[PDB]
Amino acid sequence: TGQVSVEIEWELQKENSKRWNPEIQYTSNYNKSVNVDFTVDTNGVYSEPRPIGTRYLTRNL
Amino acid sequence: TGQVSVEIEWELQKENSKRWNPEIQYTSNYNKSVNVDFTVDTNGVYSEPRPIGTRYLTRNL
Amino acid sequence: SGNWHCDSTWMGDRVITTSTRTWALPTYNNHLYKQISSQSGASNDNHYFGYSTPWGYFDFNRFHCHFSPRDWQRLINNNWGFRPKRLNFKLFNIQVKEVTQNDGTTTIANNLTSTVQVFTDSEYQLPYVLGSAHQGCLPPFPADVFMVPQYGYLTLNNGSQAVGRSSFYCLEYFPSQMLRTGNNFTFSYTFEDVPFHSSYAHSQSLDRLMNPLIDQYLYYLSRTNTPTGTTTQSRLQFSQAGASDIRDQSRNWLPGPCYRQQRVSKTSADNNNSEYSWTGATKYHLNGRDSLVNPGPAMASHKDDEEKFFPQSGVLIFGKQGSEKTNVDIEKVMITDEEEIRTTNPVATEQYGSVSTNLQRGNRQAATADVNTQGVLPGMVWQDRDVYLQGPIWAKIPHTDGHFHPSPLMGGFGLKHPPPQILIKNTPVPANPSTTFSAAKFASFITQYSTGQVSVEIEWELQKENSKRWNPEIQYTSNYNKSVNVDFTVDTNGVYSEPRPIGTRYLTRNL
Amino acid sequence: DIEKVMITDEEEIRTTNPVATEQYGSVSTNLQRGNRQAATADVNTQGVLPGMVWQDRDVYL
Amino acid sequence: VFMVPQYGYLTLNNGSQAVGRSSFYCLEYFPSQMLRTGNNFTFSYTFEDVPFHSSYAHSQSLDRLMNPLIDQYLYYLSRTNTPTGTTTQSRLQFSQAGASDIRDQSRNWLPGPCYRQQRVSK
Amino acid sequence: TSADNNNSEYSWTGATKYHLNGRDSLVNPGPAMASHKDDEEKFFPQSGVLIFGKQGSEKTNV
Amino acid sequence: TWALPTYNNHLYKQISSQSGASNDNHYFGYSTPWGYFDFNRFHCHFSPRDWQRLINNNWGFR
Amino acid sequence: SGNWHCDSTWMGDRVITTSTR
């Protein structure tokens, strides 16, 4: 057994968008349920509620 | 009559948050209505749907 | 303030052009944005959701703005290919006019220092309106003065409903330079390196490319039965490709891709007695909305003998001068026709060929089917559409990852960064304001409009003709007509006209 | 059974790429004449052709 | 804490039969560095230049890309019969692409390639 | 094997082709692709496969 | 933290299909003792927060 | 006489705004 350290250096492109009206963002909300997302259950078993796509922001064509 | 140019230089403090699970963000969404927010009506009269508070992000106490 | 420039000078490799016109800008929608949508006339394929703005923009995308028929003729004969390099742009001589009608008397009083504002964007941050070949080019003939077109754009929607994905813009949000009488505006632009256009048509067709005399060494299956057996048929036999058999001779490269079209005769007697055209009408669609296929992939219109038939859709149909806006009969409009691409690309009306179907056996007779559509396949070559004259120049590649060989389908130069648009607007000047405060938006205004001159200059780059051919060429020549009616010239009352379109493929290169 | 598994779904590419279930369109077939009525057929498959653009799939998480 | 997966690979074959083209490997045949407790291992790698991924979705559909107000100058075949003839039908007529007709308006670029799939309801 | 091949006449019955200007050009060696599966080995494509002649081959009907 | 067992008691093996009569399903391959750890997926590298923070503010990345 | 400015630029720590009416 042992430990492994993986490190990646990403490169980005920042958002220059000039749009007026508000955007669409990704937000986890609106649920008052006792069950919390992305967090252990009472007994420690992790879970993922739903997949997350990458297309949210907007550019004109 | 004439024109007036007002310019302000803000200073910020960036987000260092270490939190794991996803956040809450402000997002205009979920409405399929023909009526678009923050945009002129058919006859050109602007409108604001709802106020927007400043407290969204999260810090531990 | 500036010196009128309309002229062209020949440097050899490069040739410069310049033209200048007079423009007049009204004020649109009384200085307020609007939401515009379809009337909801129950046609689901036809709906739109968009915004009209006061901003004007003048947009030159067409040749005849830049080139005079003479210079066109002189360039089109002597050059293999050409592309732009830079361009320069200058406004000057701006002035403003205010119309006011006291009772019925219409009066125009000049004014000073009332400002016009202008901005371009080199950052390509706005919806890009040009490229759909809208009318409103700088007039062909320099004498006339033209109005500047209103702006506007569409957005995602469903019927009248607009999605939450839809966007919006406020154009004032950009740093517009301000102009006042006695001030002029310039900016220098540069075109990115792009392959030359092709001005030539090849002298030899693909299938016929070979040596007549020498037989190639490959064989091919000759005849199945020796004759007989017949039930035992006969063993296979083999012959060699030779001068007598052109079809069986073997070829490296495959003609370009195809798509079927419908054949419409000019003669009404031959055309289908019943109703067609949207019966009909090859189409594609998005989101359950079928979009009739407008000029499509390049291909040849007709074979040699017919000349009467023409494709129902792809061929560009221009109107003549003084043409009607609706329900005009053919004799008033010009049909462009391409017979020069027969050397490679397929005929439009015809099928692409036949293809094997069943896997034969003794009792199983061979079956084939006409192939109605063919995509790109390795080892294929094809020719791009002609640019004509009144046709468009450049179009913008939609900024996306997916691309294949970005050649626009109206013909032209696909640019990654087209010449930026220029937008122009009057500054709203308020009417007499109310004495006491009013919470109202104050919708009163003073009516006016402006005018000035615009100088557009492009520096082309050429490729000269090295052709070694012996016998005489084919050139473009206006001739043989003794008629009193002269081409490319005003009528007796001063209305300009264009007799026929002018294609770019005249000269010749071997394949 | 389905209720235990997540289905990813892309409605965001409607702007360019075709709908999966639907045909690509209709295409001319016969070469018409006075007695010959026009015929077409739904095109079931289309390869790449000049002047085409398309969008790449999402990467999810 | 997780277990490391076993290795393995496939090769050309027919059914149970393997061709003579099939290959084989003995992994010990490579210069493996050796590690003993108290030793660590590093290597630096570099990615080759590759186009950015696209995180965005466009705000306007292809078919709807145009100007609403201005009519383009091309025409299109309007209606075959003027009405009538009917047997003589009628000569072809022509109209212009306009705000009222979006479908007939002309476009430069064609939507991407397709392949059919089957529709299953939930 | 002539016994398995179609008793009747084929090959230009037949013969997948393309054309230009109303002249159908039989497709000679075309896009690359595999000729046969493992078991057959008897079957071969009718066109794409290059057919060379041996030494001293006949010019016609060999 | 990773833990590595020992596979097949240190010996290569030929593995093939059971020949369960489905011709489309067959394979011929070799199992080895070698282990390999393979990270190809995002959630190894990105935490849902950082994912959220990147996905909103950036056009593209490599 | 002046050049219309309505726009915002992001310097990181500081962000500038301008508007005109």
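Every residue, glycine among them, receives a Cβ derived from its backbone with ideal geometry; neighbour counts consider all protein chains shown. Each reported figure results from applying straightforward, stated rules to the coordinates on display, with no laboratory input.
Worth a mention:
- For the stretch C:316-326, the condition of being crowded, with 17+ Cβ neighbours inside 10 Å, within 19 Å of the chain's Cα centre (by Cα) and part of a loop (DSSP other than H, G, I, E, B) holds for at least one residue.
- Set C:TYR388, C:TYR352: member being hydroxyl-bearing (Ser, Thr, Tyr) and more than 9 Å from every other protein chain (Cβ to nearest Cβ): C:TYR388
- Residue match in the stretch B:34-42 (condition: without any contact (Cβ under 8 Å) to a residue 24 or more places away in the chain, of a type outside the set (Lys, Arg), surrounded by fewer than 13 Cβ atoms within 10 Å (Cβ to Cβ) and not in a loop (DSSP other than H, G, I, E, B)): no
- Number of positions in the stretch C:422-473 that are within 14 Å of chain B (Cβ to nearest Cβ), under 30 Å from C:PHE67 (Cα atoms) and without any contact (Cβ under 8 Å) to a residue 60 or more places away in the chain: 0
- Residue satisfying all of: in the stretch C:368-380; in a loop (DSSP other than H, G, I, E, B) and facing chain D (nearest Cβ under 9 Å); surrounded by the fewest Cβ atoms within 10 Å (Cβ to Cβ) among these: C:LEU377
- Within the stretch C:152-164, the presence of a residue that is within 12 Å of chain E (Cβ to nearest Cβ), closer than 19 Å to C:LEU91 by Cβ and not charged (D, E, K, R) is excluded.
- Residue match in the stretch C:381-398 (condition: surrounded by fewer than 14 Cβ atoms within 10 Å (Cβ to Cβ), under 30 Å from C:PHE174 (Cα atoms) and not hydroxyl-bearing (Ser, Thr, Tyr)): no
- Scanning the stretch B:4-54 for residues that are of a type in the set (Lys, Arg) and within 14 Å of chain C (Cβ to nearest Cβ) yields a single hit, B:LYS32.
- Candidate set: the stretch C:351-367, residues that are surrounded by 16 or more Cβ atoms within 10 Å (Cβ to Cβ) and without any contact (Cβ under 8 Å) to a residue 24 or more places away in the chain; chosen: the one farthest from C:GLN312 (Cα to Cα): C:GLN360
- Any hit, the stretch F:12-29, residues being in contact with a strand residue (DSSP E or B) (Cβ under 9 Å, 6 or more places away or on another chain), in a loop (DSSP other than H, G, I, E, B) and hydroxyl-bearing (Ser, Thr, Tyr): yes
- Residue in the stretch E:102-116 that is in contact (Cβ under 8 Å) with a residue 12 or more places away in the chain, away from chain D (no Cβ under 14 Å) and among the aromatic types (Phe, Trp, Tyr) present: no
- Residues in the stretch H:1-11 that are in a strand (DSSP E or B) and either over 12 Å from the mean Cα position of the chain (by Cα) or of a type in the set (S, T, N, Q) (or both): 2 in all.
- Taken together, the criteria place F:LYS42 among residues that are more than 20 Å from C:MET380 (Cα to Cα) and among the basic types (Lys, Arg).
- Residue within the stretch G:17-33 that is aromatic (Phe, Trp, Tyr), crowded, with 16+ Cβ neighbours inside 10 Å, without any contact (Cβ under 8 Å) to a residue 60 or more places away in the chain and more than 30 Å from A:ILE8 (Cβ to Cβ) present: yes
- Residue match in the stretch C:478-497 (condition: over 27 Å from C:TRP394 (Cβ atoms) and touching a helix residue (DSSP H, G or I) at 6+ places or on another chain (Cβ under 9 Å)): yes
- Spans of strands (runs of 3 or more DSSP E) in the stretch C:126-221 with at least 1 residues buried (at least 19 other Cβ atoms within 10 Å of the Cβ) and touching a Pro at 6+ places or on another chain (Cβ under 9 Å): C:150-154
- Subset of the stretch C:391-421 that is within 11 Å of chain D (Cβ to nearest Cβ) and part of a strand (DSSP E or B) - its residue that is farthest from E:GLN105 (Cα to Cα): C:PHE404
- Counting the residues of the stretch E:82-97 that are assigned to a loop (DSSP other than H, G, I, E, B) and either buried (at least 18 other Cβ atoms within 10 Å of the Cβ) or within 14 Å of chain G (Cβ to nearest Cβ) (or both) gives 3.
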